[PDB]
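Q:
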Amino acid sequence: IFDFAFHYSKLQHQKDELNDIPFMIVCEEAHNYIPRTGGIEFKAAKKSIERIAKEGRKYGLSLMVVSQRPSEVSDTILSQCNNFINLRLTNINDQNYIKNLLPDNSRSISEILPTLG
Amino acid sequence: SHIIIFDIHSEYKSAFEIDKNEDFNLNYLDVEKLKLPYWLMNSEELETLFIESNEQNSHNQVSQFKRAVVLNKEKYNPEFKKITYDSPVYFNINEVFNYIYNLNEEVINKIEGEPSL
Amino acid sequence: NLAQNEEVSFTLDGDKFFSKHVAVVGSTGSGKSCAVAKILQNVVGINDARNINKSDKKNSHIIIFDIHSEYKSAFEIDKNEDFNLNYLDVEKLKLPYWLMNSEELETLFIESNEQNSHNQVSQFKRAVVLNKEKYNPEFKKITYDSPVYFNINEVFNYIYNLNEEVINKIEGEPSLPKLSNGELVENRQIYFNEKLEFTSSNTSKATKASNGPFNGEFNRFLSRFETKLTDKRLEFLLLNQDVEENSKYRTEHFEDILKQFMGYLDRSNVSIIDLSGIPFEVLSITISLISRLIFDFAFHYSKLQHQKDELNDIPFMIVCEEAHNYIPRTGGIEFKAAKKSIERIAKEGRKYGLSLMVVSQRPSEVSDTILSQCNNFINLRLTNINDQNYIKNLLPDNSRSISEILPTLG
Amino acid sequence: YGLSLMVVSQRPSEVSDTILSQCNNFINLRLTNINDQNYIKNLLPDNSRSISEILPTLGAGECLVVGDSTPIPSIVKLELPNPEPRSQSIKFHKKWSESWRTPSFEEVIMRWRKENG
Amino acid sequence: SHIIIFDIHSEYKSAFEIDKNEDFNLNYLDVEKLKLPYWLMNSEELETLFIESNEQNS
Amino acid sequence: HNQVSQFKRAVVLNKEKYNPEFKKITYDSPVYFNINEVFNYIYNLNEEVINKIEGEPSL
């Protein structure tokens with residue numbers, strides 16, 4: 411997908427245009443195959459997805475990391491997200507990790523995280 | 177709108193499966209329908225799929241398999257000029273298996289550097 | 118101007134602002150790119166899309182590391198204004214690999230994750246130094262960090278032949294590598310020329326051929342090496358020496374590379390290096406190489422001109438936007454090359470005539486070794502409590518009382 | 469045996485602690501870095517509510533003297549030396565707006581090659 | 177009065193260079209006027225000048 | 235490390251020997267393997283002596 415987007419963007423730049431067919435990749439339970447504490451079991455998958463997080467916005471390619479264990483999700487990938495849709499987080503470690511990453515993590519926003527129904 | 181969803185716990189299929197009269201179709205790809213040719217993988221994935229194992233390897237296992245793969249790629253793709261181990265070109269895996277099996281049982285010595293005999 | 122009074126012009130000590138390290142910080146949507154563009158335009162003399170210094174051009178020198186593509190449109194004005202912008206799309210530029218040091222070469226070609234890395238490092242260093250000596254016979258002090266020409270395909274051939282060598286152990290003649298045809302190899306430097314087929318190893322008394330000390334130890338290293346050598350989006354390294362157009366950039370064409378990044382082709386004040394199309398694997402290495410070249414030029418020029426009872430007459434400023442991408446607080450090994458090179462300008466840059474403008478929207482993620490050396494701060498709106506706390510403890514104590522306006526600024 | 473050391477450094481945190489810990493007298497000037505301030509405060513023989521708060525507030529030419537040579541630590545304004553040291557610092561803005569300067573690239577690239585350093 | 181200054185920036189000669197009528201002389205030793213013979217060094221200094229390099233010692 | 239490697243190799247070999255029908259037999263496969271035989275294998279490896287007569291195989 412990344413290579414197709416790259417090549418199509420390269421062709422489109424010759425006509426003074428951009429990628430008119432963008433794509434959104436939605437990952438379900440990302441912590442399974444892009445984990446923070448990972449060795450060799452998930453190395454190609456982490457590298458392939460990471461090349462989209464750090465280089466996919468230029469060639470018309472986005473990501474939607476959906477997970478319930480943010481502390482297990484790799485920090486290199488979650489740190490590239492600009493918008494967050496948060497739900498009720500029960501674990502303290504996940505709450506702290508999400509609080510340390512939100513662009514607007516003021517006290518009013520920080521306190522409203524486990525209260526959500 | 178273009179969306180690709182990676183699902184590991186199934187689901188998400190009924191959320192987009194509506195009545196056929198709505199002219200909305202879902203490109204649901206599972207193990208039975210997915211077609212991922214093995215020759216599209218690079219060197220790392222090829223070694224992970226075939227060479228990688230719980231037991232330790234030898235000093236002539238990776239070297240011979242790579243040579244056989246390169247030779248098969250060259251034989252089956254004559255129009256291409258630069259053919260390498262990571263080149264995404266078609267190559268028969270059964271031919272590589274036969275090559276390794278035949279190399280595994282040879283009854284000829286060196287007899288110096290004489291190409292004949 | 119002043120927010121208190123719109124009719125009061127705000128002025129700064131240029132020699133106390135640009136001669137030191139500036140730290141521009143803010144949040145997404147606060148327009149921190151507009152502030153940097155305005156400051157640089159005021160520096161170079163761009164007012165109302167016009168060049169005030171049209172008659173005589175000044176000595177302003179700014180190099181901007183545009184990881185994204187934003188600042189090119191901020192310095193592109195009408196050609197009648199006689200303003201030249203040194204826009205370097207490095208993805209379509211000639212930046213040879215032989216300008217790198219040990220760290221960048223090791224990061225680009227050697228993976229530390231795999232075990233037995235010491236043997237690979239030693240063999241690569243030996244081969245690189247030997248090739249550098251072979252291709253540059255006039256030079257004497259040739260080291261692993263020397264910016265001199267050397268073929269990379271020959272190094273690959275040397276490593277491949279080492280991985281496949283077979284030594285002869287027949288009595289009488291010396292233990293030398295034996296080829297397939299039976300001819301011995303007197304000099305090991307012939308490994309550079311081409312790949313070789315060695316004799317089979319046998320335990321018989323007639324042949325008694327033993328394996329080489331490094332036989333079979335570079336199977337994974339060679340695969341990664343050939344993957345790197347055959348990457349079509351790394352063509353800006355001139356990494357494919359087989360092409361005649363890429364083998365023509367020798368040590369002689371070194372003075373024309375420094376002029377390229379310093380805006381000295383014909384005449385240029387602002388240089389914009391667009392590091393957008395570069396693969397993110399080698400983003401930090403390119404920054405480290407360019408910064409090291411600039412710093413070494415400044416250091417050598419200052420040392421040369423100190424004996425003439427003068428000082429540097431070409432001070433340079435480096436604008437580093439999105440700093441946390443390549444100089445982060447918690448970095449591994451891929452970011453070691455960039456952090457070390459930048460720290461040498463953040464600690465020893467004032468003497469030789471270099472300045473840093475660290476622009477980042479996440480000041481807490483940038484390494485404290487570089488931010489703590491910044492004297493002047495242009496702080497925009499900050500909404501992260503972990504960011505305000507870090508910048509409050511870095512500001513002068515007199516401004517701590519007024520440092521509570523950061524979330525309120527608009 | 470009749471030897472004394474005057475360790476002069478603008479980055480105290482980068483100086484070896486095995487040498488800075490043997491100093492009995494300290495002449496502290498304005499320190500801007502927080503790490504240097506903390507290190508000096510820790511090393512100072514006398515820091516009681518009047519030495520730990522004046523270091524960042526020191527002016528130009530004023531130094532705080534803490535040690536055995538004085539009974540009362542105090543801030544002292546030192547007269548300018550005559551003759552003055554040749555402390556040369558490049559002024560970036562002043563050097564700019566002085567027309568276009570073309571350095572001799574051959575000389576600097578020759579000195580770079582360790583030929584005429 | 178005996179004072180020895182280790183200056184790496186060459187910024188202290190001016191503070192002690194006054195008119196010759198004052199009969200105050202300064203012992204300014206630069207790389208041109210310095211004479212440190214190599215035979216006065218010990219094993220560590222000798223091996224860090226001739227033998228030590230970035231390669232592997234044979 | 236040597237003990238772990240030798241024990242794993244012996245266990246895998248014994249599992250393959252005692253369960254010929256199974257193909258994907260690994261170290262973690264719950265299949266029968268005699269432990270006294272593994273002890274004997276390690277003990278014999280502890281006293282291994284290789285014949286090094288010129289011409290004869292190194293066995």
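These protein sequence lines are chains R, S, D, G, V and C, in that order.
According to the entry's author numbering, the first sequence holds residues 411 to 527 in order.
According to the entry's author numbering, the second sequence holds residues 177 to 293 in order.
According to the entry's author numbering, the third sequence holds residues 118 to 527 in order.
According to the entry's author numbering, the fourth sequence holds residues 469 to 585 in order.
According to the entry's author numbering, the fifth sequence holds residues 177 to 234 in order.
According to the entry's author numbering, the sixth sequence holds residues 235 to 293 in order.
Even for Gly, the Cβ is constructed at its ideal location relative to N, Cα and C.
(1) Using a Cβ cut-off of 8 Å (strictly closer), state whether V245(C) contacts chain S.
(2) Does the beta carbon of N429(R) sit closer than 8 Å to a beta carbon anywhere in chain A?
(3) Assign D262(C) to buried or exposed, taking buried as 16 or more other Cβ atoms, counted over all protein chains shown, within 10 Å of its Cβ.
(4) Under the three-state reduction of DSSP, which class applies to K468(D): helix, strand or coil?
(5) To the nearest angstrom, report how far apart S186(V) and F192(V) are at their CA atoms.
(6) Could I get the ranges of all uninterrupted alpha helix (DSSP H) runs contained in the region 483-533 of chain G, with 4 residues as the minimum, in chain order?
(7) Going by C-alpha to C-alpha distance, which of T316(D), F226(D), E250(D) and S219(D) sits closest to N278(D)?
(8) Kindly give me the distance between the Cβ atoms of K468(R) and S477(D), rounded to whole angstroms, as I take these residues to be in contact under 8 Å.
(9) Is the separation between the beta-carbon of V272(D) and that of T368(D) shorter than 8 Å?
(10) How far does the alpha helix (DSSP H) with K545(G) in it extend, from its first residue to its last?
(11) Assess contact between the region 167-175 of chain D and the region 564-573 of chain G, defined as three or more Cβ pairs (one per stretch) separated by less than 8 Å. Is contact present?
(12) Rank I269(D), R337(D), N332(D) and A323(D) by C-alpha distance to the C-alpha of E311(D) and give the top, closest one.
(13) What's the gap between the Cα of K249(C) and the Cα of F267(C)?
(14) What are the boundary residues of the alpha helix (DSSP H) that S419(R) is part of?
(15) I'd like to know if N230(V) contacts chain D, where contact means its C-beta is closer than 8 Å to some C-beta of that chain.
(16) So which residues of chain D does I519(G) contact, with C-beta pairs closer than 7 Å?
(17) Say whether the region 143-151 of chain D touches the region 477-487 of chain D, bearing in mind that this needs 3 or more beta-carbon pairs closer than 8 Å, one atom from each stretch.
(18) Kindly list, in the order they appear in chain V, the residues whose Cβ is closer than 7 Å to that of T260(D).
(19) Residue range of the alpha helix (DSSP H) that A152(D) falls in?
(20) Select from the region 551-566 of chain G all residues with a C-beta closer than 8 Å to any C-beta belonging to chain V, and list them in chain order.
(21) Which one or two residues does DSSP pair with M474(R) in a beta bridge?
(22) Applying a beta-carbon distance threshold of less than 7 Å, which residues of chain S neighbour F433(R)?
(23) Buried or exposed for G289(D), going by 16 or more other Cβ atoms inside 10 Å?
(24) Taking the alpha-carbon positions, what's the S327(D) to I411(R) distance?
(25) Roughly how many angstroms lie between the CA atoms of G299(D) and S408(D), to the nearest whole one?
(26) Would the beta-carbon of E438(D) fall within 8 Å of that of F182(D)?
(27) Applying the criterion that 16 or more other CB atoms from any shown protein chain within 10 Å of the CB defines a buried residue, is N496(G) buried or exposed?
(28) Is the shortest distance between the beta-carbon of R337(D) and the beta-carbons of chain G less than 8 Å?
(29) I'd like to know whether the C-beta atoms of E228(S) and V246(C) end up nearer to each other than 8 Å.
(30) Among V139(D), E198(D), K189(D) and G143(D), whose alpha-carbon lies nearest the alpha-carbon of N164(D)?
(31) Is the region 500-513 of chain R close to the region 454-473 of chain R, with three or more CB pairs under 8 Å?
(32) How many Å lie between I287(D) and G449(D) at the Cα?
(33) If contact is defined by three or more beta carbon pairs under 8 Å, each pair taking one atom from either stretch, is the region 399-406 of chain D in contact with the region 216-225 of chain D?
(34) By Cβ distance below 8 Å, which residues in the same chain neighbour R446(D) in space, the five residues on each side in sequence not counted?
(35) Can you give me, in chain order, the residues of the region 436-460 of chain R that have a beta carbon less than 7 Å from any beta carbon in chain S?
(36) When DSSP builds the beta bridges, which residues end up paired with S327(D)?
A: In short, the structure shows the following:
(1) Along the sixth sequence, read from residue 1 onward, the residue named residue 245(C) stands at position 11. No Cβ of chain S is located within less than 8 Å of the beta carbon of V245(C).
(2) Any reference to chain A falls outside this structure, whose protein chains are R, S, D, G, V and C.
(3) For the purposes of this step, residue 262(C) is taken as residue 28 along the sixth sequence, with counting starting at 1. With fewer than 16 other Cβ atoms from the protein chains shown falling within 10 Å of its own Cβ, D262(C) counts as exposed.
(4) Counted from its first residue, the third sequence places residue 468(D) at position 351. Per DSSP, reduced to three states, the secondary structure at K468(D) is coil, with no helix or strand assignment.
(5) Position 10 of the fifth sequence, counted from the first residue, corresponds to residue 186(V). Position 16 of the fifth sequence, counted from the first residue, corresponds to residue 192(V). Spanning the two alpha carbons is a distance of roughly 12 Å.
(6) List check, alpha helix (DSSP H) in window: 485-488 and 502-511.
(7) The count along the third sequence starts at 1 and reaches residue 278(D) at position 161. Its Cα nearest to that of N278(D), the residue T316(D) stands out among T316(D), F226(D), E250(D) and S219(D).
(8) Within the first sequence, residue 468(R) is the residue found at index 58, counting from 1. Within the third sequence, residue 477(D) is the residue found at index 360, counting from 1. Incorrect: roughly 20 Å between the Cβ atoms, too far for contact.
(9) The residue labelled residue 272(D) in the question sits at position 155 within the third sequence. The residue labelled residue 368(D) in the question sits at position 251 within the third sequence. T368(D) is positioned such that its CB atom lies no closer than 8 Å to that of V272(D).
(10) For the purposes of this step, residue 545(G) is taken as residue 77 along the fourth sequence, with counting starting at 1. It is not in any alpha helix (DSSP H) - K545(G) instead sits in the beta strand (DSSP E) that spans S542 to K545.
(11) The region 564-573 of chain G and the region 167-175 of chain D touch, with three or more beta-carbon pairs separated by less than 8 Å.
(12) Here residue 311(D) refers to the residue found at position 194 of the third sequence. The candidate whose alpha carbon is nearest that of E311(D) is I269(D).
(13) Locating residue 249(C) in the sixth sequence gives position 15, where the first residue counts as 1. Locating residue 267(C) in the sixth sequence gives position 33, where the first residue counts as 1. Near 5 Å, if we compare the C-alpha coordinates of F267(C) and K249(C).
(14) Reading the first sequence from its first residue, position 9 is the one you call residue 419(R). Judged by DSSP secondary structure, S419(R) falls within the alpha helix (DSSP H) whose first and last residues are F412 to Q424.
(15) Looking up residue 230(V) in the fifth sequence gives position 54. Yes, its Cβ sits closer than 8 Å to a Cβ of chain D.
(16) Walking along the fourth sequence from the start, residue 519(G) turns up at place 51. Listed by position along chain D, the residues whose Cβ is nearer than 7 Å to that of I519(G) form an empty set, because the closest Cβ is around 15 Å away.
(17) Yes: at least three Cβ pairs fall under 8 Å.
(18) Residue mapping note: residue 260(D) aligns to position 143 of the third sequence, counting from 1. Under the 7 Å cutoff, chain V gives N230.
(19) Locating residue 152(D) in the third sequence gives position 35, counting from the first residue. Unbroken alpha helix (DSSP H) run through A152(D): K149 to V161.
(20) Within the region 551-566 of chain G, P551, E552, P553, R554, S555 and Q556 place their CB atoms closer than 8 Å to a CB of chain V, listed in sequence order.
(21) Numbered from its first residue, the first sequence carries residue 474(R) at position 64. DSSP output for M474(R) lists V436(R) as bridge partner(s).
(22) On the first sequence, position 23 is the one that residue 433(R) refers to. For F433(R), the neighbours in chain S by C-beta distance under 7 Å run, in chain order, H178 and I180.
(23) Here residue 289(D) refers to the residue found at position 172 when the third sequence is read from its first residue. An exposed status is given to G289(D), since fewer than 16 other beta-carbon atoms sit within 10 Å of its beta-carbon.
(24) The residue you call residue 327(D) lines up with position 210 of the third sequence. The residue you call residue 411(R) lines up with position 1 of the first sequence. Cα-Cα distance, rounded: 48 Å.
(25) As a position in the third sequence, residue 299(D) is number 182, starting the count at 1. As a position in the third sequence, residue 408(D) is number 291, starting the count at 1. Looking at the two C-alpha atoms, the distance is approximately 51 Å.
(26) For the purposes of this step, residue 438(D) is taken as the residue at position 321 of the third sequence. For the purposes of this step, residue 182(D) is taken as the residue at position 65 of the third sequence. Contact: yes.
(27) In the fourth sequence, counting from the first residue as 1, residue 496(G) sits at position 28. Under the 10 Å beta carbon count, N496(G) is surrounded by 16 or more other beta carbons and is classified as buried.
(28) As a first step, residue 337(D) must be located in the third sequence, where it is residue number 220. No, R337(D) lies away from the interface with chain G (no Cβ there is under 8 Å from its Cβ).
(29) Here residue 228(S) is taken as the residue at index 52 of the second sequence, counted from 1. Here residue 246(C) is taken as the residue at index 12 of the sixth sequence, counted from 1. In this structure, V246(C) does not lie closer than 8 Å to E228(S) by Cβ.
(30) Within the third sequence, numbered from 1, the residue matching residue 164(D) stands at position 47. Selected option, being the one with the closest Cα: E198(D).
(31) Proximity of the region 500-513 of chain R to the region 454-473 of chain R falls short of the contact definition, fewer than three beta-carbon pairs being nearer than 8 Å.
(32) Residue 287(D) sits at position 170 when you count from the first residue of the third sequence. Residue 449(D) sits at position 332 when you count from the first residue of the third sequence. Distance between the alpha carbons of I287(D) and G449(D) is about 49 Å.
(33) Contact between the region 216-225 of chain D and the region 399-406 of chain D is present: 3 or more CB-CB pairs across the two stretches fall below 8 Å.
(34) Counting from one through the third sequence, the residue named residue 446(D) turns up at place 329. The answer, listed in chain order, is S481, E482, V483, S484 and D485.
(35) Correct list: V436, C437, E438, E439, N442 and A454.
(36) For the purposes of this step, residue 327(D) is taken as the residue at position 210 of the third sequence. Beta-bridge pairing links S327(D) to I284(D).
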